[PDB]
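Student: Below is the sequence, then the experimental coordinates.
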Amino acid sequence: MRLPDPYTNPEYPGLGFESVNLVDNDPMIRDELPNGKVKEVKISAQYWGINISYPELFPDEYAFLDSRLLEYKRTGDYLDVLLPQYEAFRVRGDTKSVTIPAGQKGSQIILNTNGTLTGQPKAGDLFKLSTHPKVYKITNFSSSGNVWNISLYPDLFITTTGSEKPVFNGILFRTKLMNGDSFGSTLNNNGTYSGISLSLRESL
Amino acid sequence: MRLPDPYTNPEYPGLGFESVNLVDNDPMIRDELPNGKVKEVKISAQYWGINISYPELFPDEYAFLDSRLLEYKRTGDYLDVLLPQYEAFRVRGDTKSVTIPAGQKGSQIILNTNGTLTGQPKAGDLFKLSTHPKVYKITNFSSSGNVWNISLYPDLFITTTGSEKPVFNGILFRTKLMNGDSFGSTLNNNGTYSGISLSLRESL
Amino acid sequence: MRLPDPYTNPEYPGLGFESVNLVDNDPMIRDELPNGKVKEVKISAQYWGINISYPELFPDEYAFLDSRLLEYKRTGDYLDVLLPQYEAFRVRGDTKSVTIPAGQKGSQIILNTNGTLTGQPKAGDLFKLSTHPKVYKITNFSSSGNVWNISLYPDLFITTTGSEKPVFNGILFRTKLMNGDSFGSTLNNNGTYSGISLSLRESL
Amino acid sequence: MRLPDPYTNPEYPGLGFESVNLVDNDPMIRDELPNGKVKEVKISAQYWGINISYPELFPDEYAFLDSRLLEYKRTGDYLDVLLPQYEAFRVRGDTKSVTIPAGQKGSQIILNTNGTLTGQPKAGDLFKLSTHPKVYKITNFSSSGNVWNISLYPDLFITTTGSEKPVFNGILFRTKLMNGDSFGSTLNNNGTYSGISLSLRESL
Amino acid sequence: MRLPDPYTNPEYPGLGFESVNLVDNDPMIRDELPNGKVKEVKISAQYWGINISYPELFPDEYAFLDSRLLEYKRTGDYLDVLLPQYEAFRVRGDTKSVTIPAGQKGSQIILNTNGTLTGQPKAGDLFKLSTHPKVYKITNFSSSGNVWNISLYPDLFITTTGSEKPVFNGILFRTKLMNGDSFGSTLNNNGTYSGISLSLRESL
Amino acid sequence: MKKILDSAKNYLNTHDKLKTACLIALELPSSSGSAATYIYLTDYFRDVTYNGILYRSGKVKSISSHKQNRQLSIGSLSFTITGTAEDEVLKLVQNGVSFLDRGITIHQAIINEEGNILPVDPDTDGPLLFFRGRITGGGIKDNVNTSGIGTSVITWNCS
Amino acid sequence: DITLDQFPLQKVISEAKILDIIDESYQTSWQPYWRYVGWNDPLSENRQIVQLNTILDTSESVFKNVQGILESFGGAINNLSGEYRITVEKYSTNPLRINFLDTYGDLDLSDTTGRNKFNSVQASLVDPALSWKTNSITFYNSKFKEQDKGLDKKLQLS
């Protein structure tokens, strides 16, 4: 649904984010042996927790924000957030001709590119597979001219069908309000709605 | 009981709210699945929580406020609060010629007017049905001249009887105090009751 | 991994720590006897706890930091942190000719050199055996020219194999993140990722 | 071990104490009758709790502090603290010729001095028996020329064997770290180690 | 013990209290009846709680204070505190010829004097009987020349033996320390023990 | 009805701050059969000596409560000897010993200013007996938490 | 119904072989009723530890009958690894060498020694040498009772 951003619509400023917190929410079980070692087991999943805060909002901007958030609530669609932090627009070109092998799994994608992608991404850039919602952060990279492998931190929630395609640009976190339970906004004397903070979490 | 406002009787200025907080209380069931998906199902109700606070009140105006709140308490009738932030007096006209089909349900009311309404409601403007108490906020709008579609955030608690009519202006939240257990009124040295706040909940 | 530092790569300044806290975690059993004596028996391990904190990091520096930490997390390999406060470059020279007797144990290593090391280590300087991960601090020193005994804080977890060789500088704490459960990255209005702190513990 | 003090070595200033707390730790069971009386029973023991706080430390002073504390920790010996508060150097002389009767017990030591002790202690001056580590505070005094009575607050943890001798000067609290569990020191940007506080407790 | 005061020995100023808090501890049974009435039935005792706080104490004054408190603790005798706020030296004269009838009870003492007392006690002046420890406050007074009735707040714990004689000034609260479990003495850098406070309670 | 003596009655009524001490005369778990060897522990703090043996005072952190109603109920106590004393834990976990029998006698000595105030009228004027039972006991509980302090207590049961 | 596919046959056979380890205590010569004990053909070995002869009246319950057999030969049924894996009490020179440093921090010791250890035992058999009538076996021990303190304490069994 693309929660409103200045890129989306700049006529309402102040709907832009003043502090975004990507919480690497990674539920994991840790035991601390007397041997000295620590043992960790991965179950459950990873959900990038986005902790959004807004400044004071004039009635027009807050009315628009309520319009969009109520459209989110009465419908089942997921909130989509674009972070200006990682919109580096490297790589570029088109991604239709790039192919991924049959079944990849295991946190490394080895995708070969013929001539359709022109540009090496930097380690730390958000990466998404076209069919599966969740966005991955690249954490290493190596190329052999046409075939470059990409290492992802989350361990490939989807397997590979054989038609997966990278995106590398304009990837939006599917998110849902975790503050939907008590979503209030105080209208101060000043006429500006204050204390509108959003805690988002993915619904991959 | 219509909790008093300067609109009702203005000889006591300062009964107007200093801060209004519509807590969009949305009870539900959420499980953060190990897949990563967050699946939520909506049961119970969507009751608007109003958290009113007042400016410093002189003894006479707070005496009147005590009169009305205690007359609320001794009787069983619900407090009715009209929020001035949403009383924009759009739409306007009379609401007798407006009609609604037999049974709408499902958060979208398609109400047809002949010519009796002169003005488009805006997204985020409160909407109510005359027969049933609860207040709805409009989240989208579209018009075809005589028949315009109106989308509501709460999913239409009551089904349509076929004789319900909108209000669009001066709509009152049936509410009950949740501070009636222990209500405090401190008389400052300066002669003003200070920090009087009310916490309200619909009793739809 | 050699958690990135200005020593490893200085193009990103600000990756250096602004506060390093070696928590001398020394678990044990203590009973405050009714006699008045305190008897302590030491089991488990003496693992150095590092609580690293960072200055405000610009997006590129924290992007590189996320890369390295996420390639950590997806892999099972350990973090290696080189503390600059203890890297005095004392001792110096080469450590190949340094010999250690068969089995020392008991927190005192009597390591002998021919002439290959030129410099006396000082009390409070970190010390490590090449084969075993954990890092020891030196608490006393004495020399006989070619044979000098070294007293260590931890009671020599590994017994000497007979081929152990000291390092004395550039020793890396094999450690694991204890904050990877939920890692927060707030981008301030000013554009700097601020208050990024890491809490570490060895995995000896 | 003689925890470092300016008297021991003043070339490292700032290792002098800035606030010493003698916690008169007297575990004792108290019952409050409805009769009005309070009934208390003395079991367990009394340990003087010393709460040491240090200022910011430059690397040399903190390196020395680590050297001494690590040599304390790796060894079984007990930390010794001299309090400048009570080093009054009254009494004076020697204590070899003074003798104590066979078995005293019960919080009074009735010792006679022939000609070797010249000076009457003031009530409130620390007192110790030569053989038993713990430190007693005098709380009253009375003399008959050669024989003077001494009353102690802690009730004579050791009995008297007949060769016990007073000290009256240069007495040291045998103490152990109660902060050895998590003993860390943050090295700030300034280059100074801060937040080094010691909580000590006797090991009589 | 007559806890030391400037009245007892003025050579140590600052032993006077900087804040005295007579906590009128009144144990009872209270039921907040559903009728609305609150019923109070008094059992146990009405013990005056004194929470003494001290100004900045130089080492010699606190050395003497420790002497007296520790000779308190090693012995079983109660602490006696004379409150200067109530030592107005009213009444005055001698109390030997003051007579009291056989058994008074019931919180009203009618004590008759011939001419030996010259001065009317005021409501709020502490009152005590010579034989029994407890201290009473006078809440009303009325005189008939030689016979005047005196009403006490506590209801005369001891019944009258027939030889009781009032004191009216210089009356000492039999008290026991409730802070002897962990009693702390921080020495400020300035050389003064700061924030020394005592919490006391009667042991009638 | 233990007569407690009038002297002890007066002391208990007046003194109001009495230093209680328990005298535990344990009988050592011994194997292969021999004369009984007794370890004499006391709670207190100094070394309280009653009628001969010295009653060492470096162990026994706490003693349980002696709960016994008007029904024969296997009246049971439980010591708490510190598990950092090598000697006691060694006597606990040595393989070969059996201690079905072996009396435990606890004397709750009311310490005077200087050495026990002579209650128990029939017995030589010393402390009241407290358990005088047999040892059917458990053992160690160790914790050694990696974070910090761990505890270790010998829970000597006796009934 | 247990389908016989939930059992691992190899360790079942191993534990069965553990049961029938020869007991070089008695001799077949002195068994008068050699046959009605339940072994055929004298000469053969037949001296096996735990030679139980069972009646399972099928009116009590499955649970109680199975636990009765387990108490009889000594053991337990353990579907831990998904297979039932009927184990029995045993001694072996290849155990696991678990050091305390490996496990974790907590370590409880609980000597239930007052109630659960004994010096003499008494048993109750349905002896074929008594025309299937109850028979009693008792011991005493000079080592055990002298270890105790000369206290009489009998284990009782049937």
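Tutor: Yes, it's here. Residues are numbered from 1 along each chain as shown, chains lettered A, B, ... in the order given.

Student: Would you mind listing the outside residues contacting stretch F:8-16?
Tutor: Outside stretch F:8-16, the residues that touch it by C-beta atoms under 8 Å, 6 or more residues apart in numbering or on different chains are D:37-40, E:76, E:203, F:18, F:110, F:112, F:117-119. Bear in mind the C-beta positions are built from the backbone N, C-alpha and C, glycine included.

Student: can you do 6 Å?
Tutor: Identification of contacts with stretch F:8-16 by C-beta atoms under 6 Å, 6 or more residues apart in numbering or on different chains yields D:39, E:76, F:117, F:119.

Student: Alpha carbons of it, in PDB - could you do that?
Tutor: Only the C-alpha atoms of stretch F:8-16 are listed here, as PDB (Å, rounded to 0.1, in the frame of the first residue of the first chain):
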ATOM      1  CA  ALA F   8      17.000 -19.000  82.200                       C
ATOM      2  CA  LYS F   9      13.400 -17.700  82.500                       C
ATOM      3  CA  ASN F  10      14.700 -14.500  84.000                       C
ATOM      4  CA  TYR F  11      17.400 -14.100  81.300                       C
ATOM      5  CA  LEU F  12      14.900 -14.700  78.500                       C
ATOM      6  CA  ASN F  13      12.400 -12.200  80.000                       C
ATOM      7  CA  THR F  14      14.900  -9.400  80.600                       C
ATOM      8  CA  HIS F  15      17.900  -9.500  78.200                       C
ATOM      9  CA  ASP F  16      16.000  -9.100  74.900                       C
END
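
Student: For it, what is the distance to the chain centroid?
Tutor: 24 Å (C-alpha atoms, centre = their mean, to the nearest Å).

Student: how deep is residue F:42 tucked in, by neighbour count?
Tutor: A count of nearby residues for residue F:42, using other C-beta atoms under 10 Å in any protein chain shown, gives 27.

Student: Could I get the full set of strands for chain G?
Tutor: G:75-76, G:87-88, G:107-108, G:120-127, G:133-138, G:154-156 (DSSP state E).

Student: Report the distance from the fourth one to the chain centre.
Tutor: Read it as strand G:120-127. 14 Å.

Student: Okay, now the sheet partners of it, with direction.
Tutor: When pairing is defined by DSSP bridges, strand G:120-127 lines up against strand G:133-138 (antiparallel), strand G:154-156 (parallel).

Student: Please identify the most buried of those strands.
Tutor: Most buried of the strands paired with strand G:120-127, by mean neighbour count (mean count of other C-beta atoms under 10 Å in any protein chain shown): strand G:154-156, with a mean of 13.

Student: Need the contact partners of that strand.
Tutor: Counting by C-beta under 6 Å, 6+ apart, G:118, G:120-122 sit against strand G:154-156.

Student: JSON lines for the residues you listed, including neighbour count?
Tutor: Below are the contacts of strand G:154-156 laid out as JSON lines (neighbours: other C-beta atoms under 10 Å in any protein chain shown):
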{"residue": "G:118", "neighbour count": "16"}
{"residue": "G:120", "neighbour count": "15"}
{"residue": "G:121", "neighbour count": "14"}
{"residue": "G:122", "neighbour count": "14"}
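
Student: Minimum distance to chain E, which residue of chain F gives it?
Tutor: Nearest residue of chain F to chain E (C-beta to the nearest C-beta) works out as residue F:17 at 4.2 Å.

Student: So the closest residue to that residue other than its chain neighbours, which state does it fall into?
Tutor: The spatial neighbour of residue F:17 that comes closest, neighbours along the chain excluded (C-beta to C-beta, 6 or more residues apart in numbering or on different chains), is residue E:76 at 4.2 Å. Of the three states, residue E:76 takes coil according to DSSP: H, G, I helix; E, B strand; the rest coil.

Student: So what's the residue count around residue E:76?
Tutor: Around residue E:76 there are 14 other residues, counting by other C-beta under 10 Å.

Student: Would you list the phi and psi of it?
Tutor: Dihedral pair for residue E:76: phi -100, psi -10, per degrees, to the nearest 10.

Student: Direction included, what does the host helix or strand of residue A:200 pair against?
Tutor: Here residue A:200, judged by DSSP states H and E, is contained in strand A:197-201. Paired neighbours of strand A:197-201 in the sheet (DSSP bridges): strand A:47-53 (antiparallel), strand A:173-177 (antiparallel).

Student: Could you say which of these is packed most deeply?
Tutor: Sorting the strands paired with strand A:197-201 by mean neighbours (by mean count of other C-beta under 10 Å), the first place falls to strand A:173-177, with a mean of 24.

Student: immediately after that one, which helix or strand?
Tutor: Taking DSSP H and E, what comes next after strand A:173-177 is strand A:182-183.

Student: Indicate each strand paired with the longest strand anywhere in chain F and its parallel or antiparallel sense.
Tutor: Longest strand of chain F, by residue count under DSSP E: strand F:17-27. Partners of strand F:17-27 in the sheet, by DSSP bridges, are strand D:38-42 (parallel), strand F:38-42 (antiparallel), strand F:103-111 (antiparallel).

Student: would you list those strands in TSV and tack on distance to residue E:44?
Tutor: Formatted as TSV, these follow (distance: least, C-beta to C-beta, whole Å):
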stretch	distance to residue E:44
strand D:38-42	12
strand F:38-42	36
strand F:103-111	27
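
Student: Determine which residue lies closest to the centroid of the chain.
Tutor: I'll assume chain A. Nearest to the geometric centre of chain A sits residue A:173, at 3.2 Å (C-alpha atoms, centre = their mean).

Student: I was after chain F.
Tutor: residue F:24 (3.0 Å).

Student: residue contacts, it?
Tutor: Contacts of residue F:24 (C-beta under 6 Å, 6+ apart): F:41, F:60, F:106.

Student: mind redoing it with 10 Å?
Tutor: Residue F:24 sits next to F:38-43, F:55-56, F:59-60, F:63, F:79, F:81, F:104-107, F:130-131, F:156, F:158 when contact means C-beta atoms under 10 Å, 6 or more residues apart in numbering or on different chains.

Student: That one - nearest residue in space that isn't next to it in sequence?
Tutor: residue F:41 (4.5 Å).

Student: That neighbour and residue F:25 touch, don't they?
Tutor: Yes - counting by C-beta atoms under 10 Å, residue F:25 is a contact partner of residue F:41 at 8.2 Å.

Student: the more surrounded of the two?
Tutor: Applying other C-beta under 10 Å to residue F:41 and residue F:25 shows that residue F:41 carries more neighbours, namely 21 against 18.

Student: And the more buried one, how far from chain G?
Tutor: Between residue F:41 and chain G the computed distance is 19 Å (C-beta to the nearest C-beta, to the nearest Å).

Student: If you drop the residues flanking it in sequence, what lies closest to whichever residue of chain G sits closest to chain E?
Tutor: Nearest to chain E in chain G, going by C-beta to the nearest C-beta, is residue G:105, at a distance of 29.2 Å. Closest residue in space to residue G:105, ignoring its immediate chain neighbours: residue F:144 at 4.2 Å, by C-beta to C-beta, 6+ apart.

Student: Span of stretch A:35-48 from start to end?
Tutor: Length of stretch A:35-48, first residue to last, C-alpha to C-alpha, to the nearest Å: 33 Å.

Student: what's the offset of it from the middle of its chain?
Tutor: Here stretch A:35-48 is found 22 Å from its chain centre; the criterion is C-alpha atoms, centre = their mean.
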